[PDB]
Every structure is written in structure tokens, then in C-alpha cells.
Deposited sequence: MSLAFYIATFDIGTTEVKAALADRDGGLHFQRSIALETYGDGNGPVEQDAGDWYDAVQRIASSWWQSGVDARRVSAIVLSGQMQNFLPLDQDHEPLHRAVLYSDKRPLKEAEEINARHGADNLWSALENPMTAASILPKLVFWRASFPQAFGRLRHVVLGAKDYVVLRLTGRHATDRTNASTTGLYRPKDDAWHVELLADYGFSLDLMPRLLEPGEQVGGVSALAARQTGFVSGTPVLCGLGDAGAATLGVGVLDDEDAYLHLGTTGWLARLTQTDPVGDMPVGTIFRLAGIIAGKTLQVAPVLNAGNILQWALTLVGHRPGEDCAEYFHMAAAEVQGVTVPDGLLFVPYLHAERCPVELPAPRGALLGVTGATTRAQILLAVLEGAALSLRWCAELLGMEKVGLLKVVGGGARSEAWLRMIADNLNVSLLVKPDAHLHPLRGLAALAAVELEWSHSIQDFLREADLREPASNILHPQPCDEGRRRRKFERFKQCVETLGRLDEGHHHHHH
């Protein structure tokens, strides 16, 4: 016999990762192409969409030239950045650089939209945040500044991998998981928010068609075949937003499954059965549809995360231009066998925050310092404080029934932090290494089901897994005492607001 593969891609924020997936869950011919970002962190966060496809071309070229036969690639499926704004003309050419999710320039427009429609009405219909990062504001903001370009507007792409899917098949579509993030989509009606788009003079024709991740969008076109070297007619599946693929990739499949992304920034996620939406949160809470039939990923986005620890390296003598390796090492060494006093408390919002609280301005403090306070206790309180933010998020997400938390990211390198998190959230943790491959595993599994390589996604992931860890469980604690420090921690955030 001969090997067949699924071409998997992630169009991520800083790079494009790819691999050819065999039926046994093996990921081969792994590739990585770096993408540039524009804006220098002064407000704008943009990319040239062509770079994404350019990246896909380069990877496919490198595959054929590495002896891979494009006919043995039985399907193409991608994940990528969610919540983009990308305006295209009639020939599918960008009218503007892609504006990324982290761009939040349109403050006044989001304010207006919320005022005009009612925040409770919008929340009630979208089940998600309407903020400066949402697509409607970015679209309004753009129409006003570029009226000519706007005249030529024909399509609005809302996820990075959707553009590449467009380049490949010539059809404009997206997944419900990504749609959720946009603040343009109604989960309950399963449709774009018609009256809201019409009220601002935007046609439905601008919207992509909604598709299941496993549905075929179309086949690779003759032209795309010439551009990439894929075989014309090779199935291109819809795929899904990277949050969806990453969580699928690590086995987040069942009710009360949960996930934690601990990078420079982070997010905590709880999968559950789709329920009637509750009252507006006083903390940005996403509810992503479409990852599993009948289930919703409840996500709390965290802006102060692994960056809190990174900051604290200053405490052990780190300076602006130095490699951080030796300092993470000292910090870990120093907090060994240390205990944090009930009175010592670190509030970790060194940057503006969304969850668990809206803080447009930082609120960073070290409280309860006495003469007996050591630097080691400080370092630890930082981890504790960061973990208390996380417990706050879990409380918002309703995670009291979650048994196990899948953890990814560089943040998990702090053994001391993990311990803080398990203990304070009172949940077990399992670390999942190689976070860059996760969305690819998820995609490969959904593709495998569609190709009839496997009966289910679950079955697929569990096999690759025999291919290759000990769960970390919480120490026993004075529930009630950890709980009192937790409430005080809440009172401190409020009190620091004056």
C-alpha cells in the first residue's frame, strides 16, 4: 500500500503551521511560515491577507518537492485566526489590510451601536460581546474613512482561513464557531443578525455562507491547482476557528470538559450543553457555537496571564534586553517550599483587562506587606494572584462541575503556577505539550470522519494517543479559607478603583 494524507493548516496570528495527517494520527512534513504584523502596537493590528495564501502556496510547493504526491492528499482543511475584518472586492482582492481581533480602535462606534440597539438586546441576540473588537464596529469605522474603497466592497471575510478557503475554491464561507466571535451572528436563529446589518446599511450578500467544519466547501479549482500544485477537485472542508480546533485537538469533547490557554495572554474554556443565554455578564464572556453538535464553548478571555510572571522577573534582577531563561529559573527556585501569608495579596492587572473585570486602565498592587514579607513570598503571591483571577473566571463560567482542565501554553512551564491554579480552582490539570499541533490534530480528526477513515473524532484522537502523562490534582485545602482570601481578593479589586 501507499500513504494517504489530510492537508491541515492553521492560519494563526504569528505563523502558519501545517502538516500532512495519516490515518493513524501521525503528523508528517511539518511546516511553519512566519507572518508579519503591522501597527507596532500603537492601535492598529493588521496583516496582508495575501501572505496567508502565499504561505499555503509555499508549504504545498515544499511538500511536492519533498517527494509527496498531491494525489495522495485526499482533503484539505484549515483552522486559523477568528474574528478578522477583511473587505474584498468583486475579484476577491483585499480593499484593506486584514484587521485582526486584537485591534480595538473603534471605541466610539461600538459605543454607538450599543446605545442605538441596547446592550441587553444585542447580548440577548448575539450571546457574545459587542465591543470595539467586534466586526460591525470595524466595518463602520472603515466605511467612514474609506468611502471609495467601500463602494467596491463585495465580500466581508471574518476568519483568516476563510480567505484561503476562498482562494482555493472560489466560494465564500465560514464556520459557526468563528461567526460567534464576530458579534454578527444569532446562535438561536442560526443566522446573521439581519436587522442589525440592515440598520447600518449592509447587505446580507456581504456575509459568508455558514458551514459545518466537516462540510465540503468546494473542490480545489483549476486556477488554485495551478497556484498551489494541489490536485483540482481535492475536497476543501470548511474547518473552524483556531479556538475550536485547538480544543478539539486535545479532546475537549464532552459536557464539562474544560481548557486553559496560558500564553502571554490567555483564556479559560468550559464546554457545555447549549442552554438559554443568561443575563449580561459584568465580565466579557464568549459563547462559541458549532464545535460540537448541541454544545457551546464558554470562554473567558484573559489579558493578564503569563505576562504577569514575565513581568515579575524584574524582581530577581531581569533587565529589558536580557534573555529570560535564567530568571524564570531563579523565580522557580525561590518559591520552592514557600507559603503565601493570608494577608499578602497581589492584584495582577498590570495591563487593561476584560475578564474577570472590565479595566480599561491597569490595577496592579501588592497589598498586606509587613516587615516579615520576603521576596520569595512576593514571587509566589504573584502566581497566587494570577491564579485568583483565573478562579474568578471559572466562577463566571460556572465551572463547579468541571473535573479536569486541559492546559496549554508556555505559562504551564511554571510548576509552581500550575500548583496554584489546581489548588485555587480546585480542579485537576493535565498539561498538553506541543500546543502548535493541537489545531492540526483537531482538524485531522474531523476530516478523518468525513473521509470515513474513522467513525468518530473521539475514536480518532484516542488512537494517536496510544501513540504516546500524569494528571496534577489539587492538594486538600481549607476550602473555606481559600474562599475567604478569594472574596477579599475580589473586594480589593473594587476598593482599588477608589
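Q.
Need the unmodelled segments of the deposited chain, numbered from 1, in order.
A. No C-alpha for residues 1, 470-471, 502-511.
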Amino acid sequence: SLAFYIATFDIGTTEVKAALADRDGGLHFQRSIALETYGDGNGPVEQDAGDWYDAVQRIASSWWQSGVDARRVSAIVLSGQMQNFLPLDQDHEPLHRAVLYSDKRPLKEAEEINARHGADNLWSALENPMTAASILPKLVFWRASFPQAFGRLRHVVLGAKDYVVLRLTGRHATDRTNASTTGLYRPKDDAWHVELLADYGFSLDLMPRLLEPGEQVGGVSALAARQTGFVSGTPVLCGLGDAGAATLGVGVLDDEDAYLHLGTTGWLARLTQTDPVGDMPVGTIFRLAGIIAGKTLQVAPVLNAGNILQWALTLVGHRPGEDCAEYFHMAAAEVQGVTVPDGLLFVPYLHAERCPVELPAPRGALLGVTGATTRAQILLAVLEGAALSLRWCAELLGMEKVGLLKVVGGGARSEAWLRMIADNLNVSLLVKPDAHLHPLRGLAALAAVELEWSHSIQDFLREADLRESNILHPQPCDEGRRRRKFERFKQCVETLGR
From here on, numbers count along this sequence of modelled residues.
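Q: Select between 52-60 and 35-43 the stretch whose C-alpha atoms have the higher average B-factor in the entry.
A: That would be 35-43.
Q) Looking at the deposited entry, does 229-237 or 359-367 carry the larger mean Cα B-factor? A) On average, C-alpha B-factors are higher across 359-367.
Q: Return the residue from 320, 385, 94, 249 that has the highest Cα B-factor in the entry.
A: Spelled out: the listed residue with the top C-alpha B-factor is 320.
Q. Highest Cα B-factor in the PDB entry belongs to which of 242, 189, 353, 215?
A. Largest recorded C-alpha B-factor: 353.
Q | Modelled-residue ranking by C-alpha temperature factor, third containing residue 106 | A | Middle third.
Q. Based on the entry's values, in what third of the chain does the Cα temperature factor of residue 445 lie: lowest, middle or highest?
A. Tercile = lowest for this residue's CA B-factor.
Q. Lowest, middle or highest third: where is residue 471 by C-alpha B factor in its chain?
A. For residue 471, whose C-alpha B-factor we compare with every modelled residue in the chain, the answer is the middle third.
(Q) What third of the chain does residue 85 rank in for C-alpha temperature factor, lowest, middle or highest? (A) CA B-factor rank for residue 85: lowest third.
Q: Relative to the other modelled residues of the same chain, rank the CA B-factor of residue 183 and answer lowest, middle or highest third.
A: Ranked within chain, residue 183 CA B lands in the lowest tercile.
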